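Novice: Following this line is run34.cif, made up of mmCIF, C-alpha atoms:
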data_upload
loop_
_atom_site.label_atom_id
_atom_site.label_comp_id
_atom_site.auth_asym_id
_atom_site.auth_seq_id
_atom_site.Cartn_x
_atom_site.Cartn_y
_atom_site.Cartn_z
CA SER N 32 -8.14 85.00 -1.20
CA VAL N 33 -9.72 87.21 1.48
CA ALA N 34 -9.73 84.52 4.15
CA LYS N 35 -6.92 86.09 6.22
CA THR N 36 -7.18 89.83 5.53
CA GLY N 37 -8.28 90.58 9.09
CA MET N 38 -10.77 93.10 10.44
CA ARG N 39 -11.03 96.47 8.73
CA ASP N 40 -12.05 99.71 10.39
CA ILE N 41 -15.47 99.67 8.69
CA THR N 42 -19.12 100.14 9.64
CA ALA N 43 -21.91 97.68 9.03
CA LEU N 44 -23.64 99.97 6.49
CA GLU N 45 -20.35 100.32 4.63
CA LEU N 46 -19.81 96.55 4.63
CA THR N 47 -23.31 95.74 3.36
CA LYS N 48 -22.94 98.26 0.53
CA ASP N 49 -19.84 96.38 -0.60
CA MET N 50 -21.52 92.98 -0.22
CA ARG N 51 -23.74 94.34 -3.03
CA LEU N 52 -25.32 91.25 -4.59
CA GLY N 53 -25.45 87.73 -3.26
CA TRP N 54 -26.20 84.14 -4.28
CA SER N 55 -27.18 81.36 -1.87
CA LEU N 56 -25.90 77.79 -2.34
CA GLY N 57 -29.42 76.59 -1.69
CA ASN N 58 -30.74 73.04 -1.18
CA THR N 59 -27.13 71.97 -0.44
CA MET N 60 -25.71 72.14 3.12
CA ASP N 61 -29.27 73.01 4.17
CA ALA N 62 -30.80 69.84 2.62
CA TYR N 63 -31.84 67.10 5.00
CA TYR N 64 -33.02 63.49 4.94
CA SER N 65 -32.45 61.63 8.19
CA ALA N 66 -30.06 61.26 11.09
CA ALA N 67 -28.46 58.36 9.20
CA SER N 68 -27.50 60.39 6.14
CA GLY N 69 -24.32 62.10 7.32
CA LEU N 70 -22.33 63.84 4.58
CA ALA N 71 -24.83 62.52 2.02
CA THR N 72 -27.27 65.28 3.01
CA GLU N 73 -25.29 67.72 0.81
CA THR N 74 -26.37 65.92 -2.40
CA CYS N 75 -29.76 64.49 -1.34
CA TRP N 76 -31.82 67.26 -3.00
CA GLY N 77 -30.15 66.92 -6.40
CA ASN N 78 -27.23 69.33 -6.22
CA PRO N 79 -23.91 67.75 -7.19
CA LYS N 80 -21.26 67.87 -4.47
CA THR N 81 -20.12 71.48 -4.31
CA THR N 82 -16.86 72.38 -6.07
CA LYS N 83 -14.76 75.52 -6.23
CA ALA N 84 -15.44 75.62 -9.98
CA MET N 85 -19.15 76.23 -9.24
CA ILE N 86 -18.27 79.15 -6.96
CA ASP N 87 -15.84 80.46 -9.58
CA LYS N 88 -18.78 80.81 -12.00
CA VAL N 89 -20.81 82.76 -9.41
CA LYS N 90 -17.91 85.18 -8.88
CA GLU N 91 -17.37 85.52 -12.65
CA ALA N 92 -20.99 86.54 -13.19
CA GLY N 93 -20.65 89.54 -10.88
CA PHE N 94 -21.93 88.34 -7.51
CA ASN N 95 -19.90 89.58 -4.52
CA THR N 96 -21.44 87.43 -1.73
CA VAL N 97 -22.12 83.71 -1.43
CA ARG N 98 -24.50 82.63 1.35
CA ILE N 99 -23.93 79.05 2.55
CA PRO N 100 -27.15 77.92 4.30
CA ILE N 101 -26.35 75.02 6.65
CA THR N 102 -28.77 72.71 8.45
CA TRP N 103 -26.94 71.42 11.52
CA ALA N 104 -29.76 69.22 12.80
CA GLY N 105 -28.88 65.72 11.68
CA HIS N 106 -25.18 66.40 12.23
CA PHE N 107 -24.88 66.96 15.99
CA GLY N 108 -25.13 64.78 19.06
CA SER N 109 -27.16 64.55 22.23
CA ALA N 110 -27.61 67.13 24.93
CA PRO N 111 -25.87 68.62 26.84
CA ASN N 112 -22.86 68.91 24.49
CA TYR N 113 -24.61 68.88 21.10
CA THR N 114 -21.27 67.94 19.53
CA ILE N 115 -21.13 68.72 15.83
CA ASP N 116 -19.80 65.93 13.61
CA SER N 117 -16.17 66.77 12.82
CA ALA N 118 -16.45 65.75 9.17
CA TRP N 119 -19.48 68.00 8.70
CA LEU N 120 -17.69 71.00 10.18
CA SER N 121 -14.67 70.28 7.96
CA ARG N 122 -16.89 70.12 4.86
CA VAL N 123 -18.45 73.49 5.76
CA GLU N 124 -14.92 74.89 6.06
CA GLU N 125 -13.99 73.62 2.58
CA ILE N 126 -16.97 75.42 1.06
CA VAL N 127 -16.29 78.63 3.02
CA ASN N 128 -12.81 78.64 1.50
CA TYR N 129 -14.16 78.13 -2.04
CA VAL N 130 -15.97 81.44 -1.53
CA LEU N 131 -13.23 83.40 0.28
CA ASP N 132 -10.65 82.19 -2.26
CA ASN N 133 -12.80 83.97 -4.87
CA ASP N 134 -12.39 87.29 -3.00
CA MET N 135 -16.04 87.50 -2.05
CA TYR N 136 -18.09 87.70 1.13
CA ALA N 137 -19.31 84.46 2.72
CA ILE N 138 -22.31 84.02 5.06
CA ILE N 139 -22.78 80.87 7.17
CA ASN N 140 -25.94 80.32 9.21
CA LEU N 141 -28.04 77.82 11.10
CA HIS N 142 -30.76 76.86 8.62
CA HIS N 143 -33.58 74.27 8.99
CA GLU N 144 -33.36 74.01 12.79
CA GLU N 145 -36.97 74.97 13.56
CA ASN N 146 -38.39 71.58 12.57
CA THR N 147 -36.69 69.87 15.56
CA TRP N 148 -35.17 72.06 18.23
CA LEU N 149 -35.32 75.80 17.40
CA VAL N 150 -38.84 76.23 18.75
CA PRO N 151 -39.26 79.76 20.15
CA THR N 152 -41.64 79.30 23.08
CA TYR N 153 -41.31 80.26 26.75
CA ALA N 154 -41.55 76.57 27.63
CA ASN N 155 -38.64 75.65 25.34
CA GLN N 156 -36.55 78.79 25.92
CA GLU N 157 -34.09 77.27 28.39
CA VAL N 158 -33.32 74.23 26.23
CA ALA N 159 -33.14 76.20 22.98
CA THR N 160 -30.83 78.75 24.64
CA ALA N 161 -28.46 76.04 25.87
CA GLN N 162 -28.50 74.39 22.46
CA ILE N 163 -27.94 77.51 20.31
CA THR N 164 -25.06 78.42 22.71
CA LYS N 165 -23.37 75.05 22.38
CA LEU N 166 -23.70 75.05 18.58
CA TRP N 167 -22.39 78.58 18.06
CA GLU N 168 -19.56 77.99 20.55
CA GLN N 169 -18.31 75.21 18.29
CA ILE N 170 -18.95 76.92 14.94
CA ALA N 171 -17.57 80.29 16.02
CA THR N 172 -14.47 78.69 17.53
CA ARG N 173 -13.71 76.86 14.29
CA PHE N 174 -14.10 80.03 12.17
CA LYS N 175 -12.65 82.52 14.67
CA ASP N 176 -9.52 83.54 12.76
CA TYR N 177 -11.22 84.30 9.44
CA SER N 178 -11.42 87.86 8.15
CA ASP N 179 -14.37 90.25 8.13
CA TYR N 180 -15.46 88.83 4.76
CA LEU N 181 -16.94 85.90 6.75
CA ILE N 182 -20.30 86.77 8.37
CA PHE N 183 -22.27 84.62 10.84
CA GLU N 184 -26.09 84.57 10.50
CA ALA N 185 -27.31 83.46 13.92
CA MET N 186 -30.61 81.83 12.88
CA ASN N 187 -32.56 81.51 9.63
CA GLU N 188 -36.39 81.79 9.97
CA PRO N 189 -37.11 81.19 13.66
CA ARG N 190 -40.79 80.35 14.20
CA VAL N 191 -42.98 77.57 15.60
CA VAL N 192 -43.48 75.32 12.58
CA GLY N 193 -47.13 74.46 12.00
CA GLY N 194 -48.54 77.03 14.39
CA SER N 195 -51.10 79.66 13.50
CA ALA N 196 -48.68 82.62 13.70
CA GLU N 197 -45.93 80.97 11.62
CA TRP N 198 -46.40 83.26 8.61
CA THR N 199 -48.21 86.16 10.35
CA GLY N 200 -45.24 87.57 12.26
CA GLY N 201 -45.35 85.28 15.27
CA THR N 202 -46.81 85.86 18.68
CA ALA N 203 -45.31 88.36 21.11
CA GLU N 204 -43.98 85.38 23.07
CA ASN N 205 -42.29 83.98 19.97
CA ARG N 206 -40.63 87.33 19.22
CA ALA N 207 -39.42 87.74 22.81
CA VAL N 208 -37.89 84.22 22.80
CA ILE N 209 -36.20 84.94 19.46
CA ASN N 210 -34.65 88.08 20.99
CA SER N 211 -33.40 85.94 23.92
CA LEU N 212 -31.93 83.38 21.53
CA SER N 213 -30.16 86.00 19.40
CA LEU N 214 -28.75 87.62 22.54
CA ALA N 215 -27.39 84.27 23.72
CA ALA N 216 -25.95 83.46 20.31
CA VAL N 217 -24.27 86.88 19.93
CA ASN N 218 -22.85 86.79 23.44
CA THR N 219 -21.48 83.28 22.83
CA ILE N 220 -19.91 84.21 19.49
CA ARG N 221 -18.32 87.38 20.88
CA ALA N 222 -16.70 85.40 23.76
CA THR N 223 -14.90 82.79 21.56
CA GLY N 224 -11.68 84.61 20.69
CA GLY N 225 -9.89 85.18 17.42
CA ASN N 226 -11.61 88.03 15.47
CA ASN N 227 -15.06 87.11 16.73
CA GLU N 228 -15.30 90.17 19.01
CA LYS N 229 -15.35 92.24 15.78
CA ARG N 230 -17.11 89.96 13.27
CA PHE N 231 -20.26 91.17 11.57
CA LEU N 232 -23.32 89.14 12.59
CA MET N 233 -26.78 88.82 11.05
CA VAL N 234 -29.92 88.44 13.18
CA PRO N 235 -33.41 87.72 11.73
CA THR N 236 -36.84 88.89 12.72
CA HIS N 237 -39.47 86.21 13.33
CA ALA N 238 -39.39 83.96 10.24
CA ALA N 239 -37.01 86.59 8.76
CA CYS N 240 -40.23 88.36 7.72
CA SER N 241 -40.81 92.06 7.12
CA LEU N 242 -44.19 92.35 8.83
CA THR N 243 -44.62 95.37 11.09
CA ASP N 244 -44.90 93.57 14.41
CA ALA N 245 -41.88 91.40 13.58
CA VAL N 246 -39.66 94.32 12.56
CA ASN N 247 -40.81 96.47 15.50
CA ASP N 248 -40.24 93.80 18.16
CA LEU N 249 -36.75 92.80 16.99
CA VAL N 250 -34.13 93.79 19.58
CA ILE N 251 -30.49 94.10 18.45
CA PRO N 252 -28.42 92.23 21.07
CA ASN N 253 -26.62 94.81 23.27
CA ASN N 254 -27.27 97.47 20.60
CA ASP N 255 -24.09 96.01 19.05
CA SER N 256 -23.02 98.21 16.13
CA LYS N 257 -21.75 95.19 14.14
CA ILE N 258 -25.13 93.47 13.91
CA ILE N 259 -27.02 93.44 10.60
CA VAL N 260 -30.76 92.65 10.30
CA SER N 261 -31.55 89.59 8.15
CA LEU N 262 -34.79 89.67 6.12
CA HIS N 263 -36.19 87.19 3.60
CA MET N 264 -38.49 89.02 1.22
CA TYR N 265 -39.87 86.90 -1.64
CA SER N 266 -41.94 89.89 -2.70
CA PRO N 267 -44.55 89.96 -4.02
CA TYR N 268 -45.63 86.60 -2.65
CA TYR N 269 -47.76 85.07 -5.39
CA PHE N 270 -45.58 86.15 -8.33
CA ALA N 271 -42.38 85.08 -6.59
CA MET N 272 -43.29 81.84 -4.85
CA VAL N 273 -46.60 80.31 -5.97
CA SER N 274 -46.96 77.99 -8.96
CA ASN N 275 -50.07 78.20 -11.15
CA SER N 276 -50.71 81.80 -10.07
CA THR N 277 -49.71 85.34 -11.01
CA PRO N 278 -47.13 84.88 -13.80
CA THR N 279 -46.69 88.56 -14.75
CA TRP N 280 -44.86 91.37 -13.01
CA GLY N 281 -44.22 94.95 -14.07
CA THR N 282 -47.17 97.32 -13.69
CA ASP N 283 -46.92 100.58 -11.76
CA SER N 284 -48.90 98.88 -8.96
CA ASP N 285 -46.36 96.04 -8.96
CA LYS N 286 -43.41 98.45 -8.87
CA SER N 287 -44.92 100.74 -6.22
CA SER N 288 -45.86 97.79 -3.99
CA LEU N 289 -42.26 96.55 -4.07
CA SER N 290 -40.88 100.07 -3.54
CA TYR N 291 -43.26 100.42 -0.56
CA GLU N 292 -41.94 97.19 0.98
CA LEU N 293 -38.35 98.32 0.46
CA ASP N 294 -39.12 101.85 1.70
CA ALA N 295 -40.53 100.32 4.88
CA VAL N 296 -37.22 98.53 5.50
CA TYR N 297 -35.21 101.60 4.49
CA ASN N 298 -37.21 103.86 6.82
CA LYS N 299 -37.25 101.43 9.76
CA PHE N 300 -33.59 100.34 9.65
CA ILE N 301 -31.30 101.98 7.05
CA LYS N 302 -32.35 105.60 7.74
CA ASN N 303 -31.97 104.79 11.45
CA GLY N 304 -28.38 103.64 10.98
CA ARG N 305 -29.04 99.87 11.07
CA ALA N 306 -27.76 97.76 8.18
CA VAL N 307 -29.96 95.15 6.52
CA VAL N 308 -29.22 92.21 4.21
CA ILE N 309 -32.08 90.72 2.22
CA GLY N 310 -30.59 87.25 2.53
CA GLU N 311 -33.24 85.55 0.40
CA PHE N 312 -35.47 86.58 -2.49
CA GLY N 313 -36.17 85.33 -5.98
CA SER N 314 -38.82 84.10 -8.36
CA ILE N 315 -39.83 80.64 -9.53
CA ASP N 316 -40.03 79.61 -13.20
CA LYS N 317 -43.50 80.04 -14.71
CA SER N 318 -42.31 80.20 -18.35
CA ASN N 319 -42.35 83.94 -17.73
CA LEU N 320 -38.77 84.99 -18.27
CA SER N 321 -39.50 88.58 -19.25
CA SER N 322 -41.45 89.23 -16.03
CA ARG N 323 -38.71 87.52 -13.97
CA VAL N 324 -36.08 89.73 -15.63
CA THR N 325 -38.06 92.95 -15.05
CA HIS N 326 -38.67 91.94 -11.45
CA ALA N 327 -35.04 90.96 -10.77
CA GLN N 328 -33.65 94.21 -12.17
CA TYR N 329 -36.19 96.40 -10.37
CA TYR N 330 -35.72 94.60 -7.05
CA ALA N 331 -31.93 94.85 -7.21
CA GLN N 332 -32.02 98.47 -8.39
CA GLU N 333 -34.45 99.69 -5.74
CA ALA N 334 -32.73 97.75 -2.94
CA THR N 335 -29.30 99.11 -4.02
CA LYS N 336 -30.62 102.70 -4.10
CA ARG N 337 -31.64 102.12 -0.45
CA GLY N 338 -28.30 100.66 0.64
CA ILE N 339 -29.65 97.10 0.99
CA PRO N 340 -27.83 94.19 -0.73
CA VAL N 341 -29.96 91.32 -1.98
CA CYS N 342 -29.17 87.61 -2.26
CA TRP N 343 -30.89 85.35 -4.77
CA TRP N 344 -31.94 81.90 -3.51
CA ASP N 345 -30.35 79.55 -6.06
CA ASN N 346 -31.56 76.15 -4.92
CA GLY N 347 -30.39 74.45 -8.11
CA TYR N 348 -33.93 73.16 -8.77
CA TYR N 349 -34.86 73.51 -12.45
CA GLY N 350 -38.46 73.06 -13.50
CA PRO N 351 -40.61 75.38 -15.59
CA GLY N 352 -44.10 75.32 -14.16
CA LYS N 353 -42.99 73.48 -11.03
CA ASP N 354 -42.86 74.50 -7.40
CA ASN N 355 -39.70 76.08 -5.99
CA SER N 356 -37.94 76.32 -9.37
CA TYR N 357 -35.45 79.00 -8.37
CA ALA N 358 -32.40 77.66 -10.19
CA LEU N 359 -30.10 80.01 -12.08
CA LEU N 360 -26.82 78.04 -12.34
CA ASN N 361 -26.56 74.54 -13.76
CA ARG N 362 -23.88 73.21 -11.42
CA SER N 363 -23.01 70.26 -13.68
CA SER N 364 -22.52 72.07 -17.01
CA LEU N 365 -21.23 75.20 -15.20
CA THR N 366 -23.50 77.28 -17.43
CA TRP N 367 -26.50 79.43 -16.55
CA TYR N 368 -30.06 78.40 -17.20
CA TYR N 369 -31.15 82.06 -17.09
CA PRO N 370 -28.23 84.37 -17.86
CA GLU N 371 -30.81 87.12 -18.53
CA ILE N 372 -31.84 87.08 -14.88
CA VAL N 373 -28.20 87.12 -13.72
CA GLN N 374 -27.50 90.09 -15.98
CA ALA N 375 -30.56 91.93 -14.66
CA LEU N 376 -29.44 91.39 -11.06
CA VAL N 377 -25.87 92.51 -11.74
CA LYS N 378 -27.00 95.55 -13.73
CA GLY N 379 -29.55 96.49 -11.08
CA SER N 380 -26.89 96.21 -8.39
CA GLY N 381 -24.77 98.81 -10.22
#
Spit out the file's structure as structure tokens when you get a sec.
Specialist:
Amino acid sequence: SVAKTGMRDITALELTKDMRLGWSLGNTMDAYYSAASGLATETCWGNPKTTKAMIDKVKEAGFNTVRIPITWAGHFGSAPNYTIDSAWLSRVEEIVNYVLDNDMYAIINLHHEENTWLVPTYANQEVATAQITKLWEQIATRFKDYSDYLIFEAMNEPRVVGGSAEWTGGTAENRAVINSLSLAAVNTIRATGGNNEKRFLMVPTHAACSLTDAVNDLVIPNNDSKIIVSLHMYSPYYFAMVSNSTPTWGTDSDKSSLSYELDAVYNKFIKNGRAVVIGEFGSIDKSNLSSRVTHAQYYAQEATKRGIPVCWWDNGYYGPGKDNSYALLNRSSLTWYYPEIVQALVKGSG
């Protein structure tokens, strides 16, 4: 286990290079139903209750990072304390230890918070600041003594859900409020003791997008050297995410468009000494395995050459021709639906 190996003398760029290739436990601790569901949210989107044996298979395949997306909304109480349900926090800790016991990196975040409370407007800034502070105070305190293999991702895809700028990079107001929220979260985490003064932290742009105005307006809290930028880049959009559209990938235009997107991130952040994790990418199943393999290998290869680790979104949803069919692992048989994609990712990562 790497749970109690402490804090190395290491830079963020060095750490992200070692993170290498990641896998998110998607549609699991991030799934939601209602305030009545409690611990049953984990299984409400069709993933069996997580076991260490599932994580063992991820390690065995060659991944070196597991991201554990967690929706806290539905599991915390009223203002002003926003107390997190003790059983929920204990369940998160069990899963964190499945990952660290496999000698891998673990990322924990706040996930689908934007639908209720994480609304980045000037009007809501005071309330959202108090709330993100109270939540991270509790989460960071619980995880304070873990080693540098545990990373905190402060927010997921902060944005005003339903508004016109949701997928266009936000408004300037939205981006300023997000910077205020990440500053409050980082300052809260750093003040909680244990190893949290030294822990590596991930901070997203608006909606974790790579659009120019979103990447340019991101402010690293305190210019802290242990902050990593979090981007979600399901690139290119139609091939990766949209059913009944664009089932092929692999032309020179396709490759150069993806290299351009990754060059933009490399030139903006990596070459300027700022580490980046692409915390989500992937492709849905359009009965197009050969294109998905070519895309996975090229994405991982070109990101690795630029010092950027990538994390596949494995939501456990299987469905050729269906929306959001990103599954790679069958968590019940403990066998892979698409070992060819896994092999392409691991090979591309080096």
Novice: Name every residue that the PyMOL selection byres ((chain N and resi 232-245) around 7) selects in this structure, writing the answer as a PyMOL selection string with chains first and numbers rising.
Specialist: chain N and resi 182-190+200-201+206+213+230-231+246-249+257-264
Novice: Quick one: residues within 8 Å of residue N:369, all atoms listed in the file, excluding same-chain residues fewer than 2 positions away - as an MDAnalysis selection string?
Specialist: chainID N and resid 359:360 367 371:373
Novice: Kindly resolve the PyMOL selection byres ((chain N and resi 275) around 10) on the present coordinates and return the residues as an NGL selection string.
Specialist: :N and (269-270 or 272-274 or 276-278 or 317 or 352-354)
Novice: Select, from N:143, N:122, N:51, N:88, the residue with the minimum atom-to-atom distance to residue N:63, counting all atoms listed in the file.
Specialist: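 Using all atoms listed in the file, residue N:63 sits closest to N:143.
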Novice: Applying 9 Å and all atoms listed in the file, which residues near stretch 283-286 of chain N remain after dropping the ones on its own chain fewer than 6 positions away? List them as a tab-separated table (two decimals) with C-alpha atoms, in the frame of the given file.
Specialist:
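Writing the result to selection_27.tsv gives the following:
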chain	number	residue	atom	x	y	z
N	267	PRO	CA	-44.55	89.96	-4.02
N	326	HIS	CA	-38.67	91.94	-11.45
N	329	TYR	CA	-36.19	96.40	-10.37
N	330	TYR	CA	-35.72	94.60	-7.05
Novice: Expand the PyMOL selection byres ((chain N and resi 361) around 10) into the explicit residue set it covers here, and present it as JSON, numbers by chain.
Specialist: {"N": [78, 79, 85, 345, 347, 348, 349, 358, 359, 360, 362, 363, 364, 365, 366, 367, 368, 369]}
Novice: Using C-alpha atoms, can you write the selected residues to a file as a short mmCIF file (atom, residue, chain, number, x, y, z; two decimals), in the coordinates of the input?
Specialist:
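This went into selection_7.cif:
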data_model
loop_
_atom_site.label_atom_id
_atom_site.label_comp_id
_atom_site.auth_asym_id
_atom_site.auth_seq_id
_atom_site.Cartn_x
_atom_site.Cartn_y
_atom_site.Cartn_z
CA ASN N 78 -27.23 69.33 -6.22
CA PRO N 79 -23.91 67.75 -7.19
CA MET N 85 -19.15 76.23 -9.24
CA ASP N 345 -30.35 79.55 -6.06
CA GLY N 347 -30.39 74.45 -8.11
CA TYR N 348 -33.93 73.16 -8.77
CA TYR N 349 -34.86 73.51 -12.45
CA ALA N 358 -32.40 77.66 -10.19
CA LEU N 359 -30.10 80.01 -12.08
CA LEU N 360 -26.82 78.04 -12.34
CA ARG N 362 -23.88 73.21 -11.42
CA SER N 363 -23.01 70.26 -13.68
CA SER N 364 -22.52 72.07 -17.01
CA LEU N 365 -21.23 75.20 -15.20
CA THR N 366 -23.50 77.28 -17.43
CA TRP N 367 -26.50 79.43 -16.55
CA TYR N 368 -30.06 78.40 -17.20
CA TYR N 369 -31.15 82.06 -17.09
#
Novice: I want to know what sits within 7 Å of residue N:313, based on all atoms listed in the file, with residues of the same chain fewer than 5 positions away left out; could you give that as a PyMOL selection string?
Specialist: chain N and resi 265+271+343-344+357
Novice: Restricted to C-alpha atoms, what would the selected residues look like written as an mmCIF file, keeping the file's coordinate frame?
Specialist:
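The result, stored in result-v7.cif:
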data_model
loop_
_atom_site.group_PDB
_atom_site.id
_atom_site.type_symbol
_atom_site.label_atom_id
_atom_site.label_comp_id
_atom_site.auth_asym_id
_atom_site.auth_seq_id
_atom_site.Cartn_x
_atom_site.Cartn_y
_atom_site.Cartn_z
ATOM 1 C CA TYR N 265 -39.870 86.900 -1.640
ATOM 2 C CA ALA N 271 -42.380 85.080 -6.590
ATOM 3 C CA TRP N 343 -30.890 85.350 -4.770
ATOM 4 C CA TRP N 344 -31.940 81.900 -3.510
ATOM 5 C CA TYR N 357 -35.450 79.000 -8.370
#
Novice: Which residues, written as a list in words, have at least one atom at most 8 Å from residue N:179, with all atoms listed in the file counted and residues fewer than 2 positions away on the same chain left out?
Specialist: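 Using all atoms listed in the file, the neighbours found are residues 36, 37, 38, 39, 177, 181, 182, 229, 230 and 231 of chain N.
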Novice: Write out as a list in words each polymer residue whose atoms come within 10 Å of residue N:253, counting only C-alpha atoms; drop sequence neighbours fewer than 4 positions from it.
Specialist: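 Contacts, in chain order: residues 214, 217, 218 and 258 of chain N.
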Novice: For a test of reading the model, state the distance in Å between atom CA of residue N:304 and atom CA of residue N:44, rounded to one decimal.
Specialist: 7.5 Å
Novice: What is the distance, in Å and to one decimal place, between atom CA of residue N:378 and atom CA of residue N:132?
Specialist: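 Between these atoms lies a distance of 24.0 Å.
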Novice: Quick one, how far is atom CA of residue N:224 from atom CA of residue N:139?
Specialist: 17.9 Å
